[PDB]
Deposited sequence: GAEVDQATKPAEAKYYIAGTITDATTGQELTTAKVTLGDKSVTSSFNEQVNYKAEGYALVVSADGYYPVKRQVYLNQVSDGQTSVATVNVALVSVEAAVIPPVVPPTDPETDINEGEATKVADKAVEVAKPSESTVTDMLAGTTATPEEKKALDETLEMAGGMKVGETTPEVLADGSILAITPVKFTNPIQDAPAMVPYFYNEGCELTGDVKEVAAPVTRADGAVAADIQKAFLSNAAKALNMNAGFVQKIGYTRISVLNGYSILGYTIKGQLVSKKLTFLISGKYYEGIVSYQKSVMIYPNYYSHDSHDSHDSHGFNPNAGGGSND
């Protein structure tokens, strides 16, 4: 069985416009990469330093950690670094997302899980592009087409939540082959979300005895700046190999998206508001082998 494969994929964008910053200077570990990167890496507990700068923006350093998986599985650290212009108006949070007071627990994760999965699930255009190979490289497209030819097709199932005891939420997306692939490898699509979304209700802190849309928009906008991410999810697609495991066919696979959340507080128009926002830290691909 093949060893666990690891990747770091992501995009450098402008925090205000959401457009890719193609002139950004980016290093991932010891390597110079473009603003749209996808690098295979060896597992290291230390992680990998992502260093990002662009003229007119505040620089960002982020340590990227890998979510360990087992033999035959793939794990992708999914990174959106959205740089804030030195000219942008930003309301700071009361405490930044590096403060442990901003972490959520399992009980809080359970309350936002349905919403988190609703926004994290693959859209119709994402599923269409995953299957068609719209964004695949020529080698990936060829391998995907050979896989589809042996599988017949791929059916993307309903995305369901799995709440973990640390407060993370897995968005479980099963992918079933019409016909299992016998004694042959598969090139398969996965997807992930870049940016952050509001997954819990925005509430006034210490209200005397429903929050307006504009306050909610201002809350998400400033939460996204605090996190160095775009406001709203944009979906990205990748391809990975499922290797042959002798004496087993490949029935399909499961995509597991790790959604991490933060509870932030902002003073917005003279009142304090709190809410939970979520983003994707990783995507993992689990083959479904059958004997």
* Structure fact -> Gaps vs the deposited sequence (1-based, no CA atoms) are 1 to 9, 219 to 223, 306 to 327
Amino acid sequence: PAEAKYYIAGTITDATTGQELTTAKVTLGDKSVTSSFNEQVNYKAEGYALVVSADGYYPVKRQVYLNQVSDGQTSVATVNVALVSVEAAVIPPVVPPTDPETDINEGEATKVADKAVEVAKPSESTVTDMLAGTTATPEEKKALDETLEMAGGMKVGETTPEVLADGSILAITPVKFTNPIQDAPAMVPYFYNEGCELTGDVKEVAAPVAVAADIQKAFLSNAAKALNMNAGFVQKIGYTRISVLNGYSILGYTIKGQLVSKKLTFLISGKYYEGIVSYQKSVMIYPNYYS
From here on, numbers count along this sequence of modelled residues.
* So where's residue 232 on the chain's Cα temperature factor ranking, which third? -> middle
* Taking the chain's C-alpha temperature factors as the reference, tell me which third residue 55 falls into: lowest, middle or highest. => lowest
* Ranked C-alpha temperature factor of residue 136 among modelled chain residues, by third -> highest
* **Among modelled residues of the same chain, the CA temperature factor third for residue 32** => lowest
* Asked: Based on the entry's values, in what third of the chain does the Cα temperature factor of residue 49 lie: lowest, middle or highest?
  -> lowest
